[PDB]
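# A closer look at the structure
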Amino acid sequence: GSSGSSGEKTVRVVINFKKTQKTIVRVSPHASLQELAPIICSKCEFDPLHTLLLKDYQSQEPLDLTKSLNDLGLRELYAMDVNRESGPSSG
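This text gives an overview of the structure that appears in the document. (Residues numbered from 1 in each chain as written, not as in the entry; some residues may be left out. Heavy atoms only, no water.)

### So, the overall build of the chain
When you go through the chain residue by residue, the secondary structure sums to two helices and four strands. Mapped from its N terminus to its C terminus, the chain presents α and β elements in the order β-β-α-β-α-β. For the chain, the C-alpha atoms occupy an extent of roughly 35 × 35 × 25 Å along the three principal directions. Counting every position in the chain, which comprises 91 residues, the buried fraction comes to 27%. Counted over contacts in the chain with a minimum sequence separation of 6, partners at least 24 positions apart contribute 51%. Carbon and sulfur atoms make up 44% of the accessible area of the chain, which totals about 6800 Å². (Helix = DSSP H or I, 4+ residues; strand = E, 2+ residues; numbered from the N terminus. Buried < 20%, exposed > 50% of the residue type's maximum accessible area, 1.4 Å probe, protein only. Contact = heavy atoms within 4.5 Å. Areas by Shrake-Rupley, 256 points an atom, 1.4 Å probe, with all protein chains shown as cover.)

### Examining the nonpolar core
Judged by nonpolar contacts, the single largest core of 16 residues is most densely connected at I15, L33, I40, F46 and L77. When residues of this core are assigned to their parent elements, the largest contribution, four residues, is made by helix α1 (residues 33–43). Beyond its immediate chain neighbours, meaning those up to four positions away, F46 contacts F17, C41, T51 and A79. (Core = buried A, V, L, I, M, F, W, Y, C linked by side-chain atoms within 4.5 Å.)

### Some remarks on the packing of aromatic side chains
By the definition in use, this model includes one aromatic pair. A centroid spacing of 5.9 Å and a plane angle of 75° characterise the contact between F17 and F46, whose relative ring orientation is edge-to-face. Of this pair, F17 sits in strand β1 (residues 11–17) while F46 sits in the loop between α1 and β3 (51–54); the two residues are 29 residues apart in sequence, bridging distant segments of the chain. This pair shows no difference in class: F17 is buried, exactly as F46 is. Residue placement shows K19 over the ring face of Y57; its charged tip is 5.7 Å from the ring centre. Between the NZ or CZ atom of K19 and the centre of the ring of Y78, over which it lies, the distance is 4.4 Å. (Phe/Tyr/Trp six-rings, centres within 6.5 Å; stacked < 30°, edge-to-face > 60°. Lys NZ or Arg CZ within 6 Å of the ring centre and 35° of its normal.)

### Things to note about the state of the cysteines
All chains considered together, the criterion is met by zero disulfides. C41 takes part in no disulfide bond, and the closest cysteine sulfur to it belongs to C44, at a distance of 7.8 Å. (Disulfide = S-S within 2.5 Å.)

### Some points on the side chain of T51
Mapped onto the elements, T51 comes out in strand β3. With relative accessibility at 18%, the residue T51 sits in the buried group. Beyond its immediate stretch of four places on either side in the chain, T51 contacts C41, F46, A79, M80 and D81.

Right under this line is the structure:
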């Protein structure tokens, strides 16, 4: 991990949630959603334990954590609340 030295060079992203409410936060577009999962969910006091990252409120396609706002090329995203945690992990 990493505490986080300095918190500058951040972009304004839109966090759509509840398919009704939305909020804006300033975070690094570089960091992968995987790392901005909590930074975001937290901002929306959401549970990153069972949270998904869809394109936008409209679209329902899942995004790639590994990919960042840059890699993705989006300024806004939606946080979906599902329930699924099971599978192997190693490489």
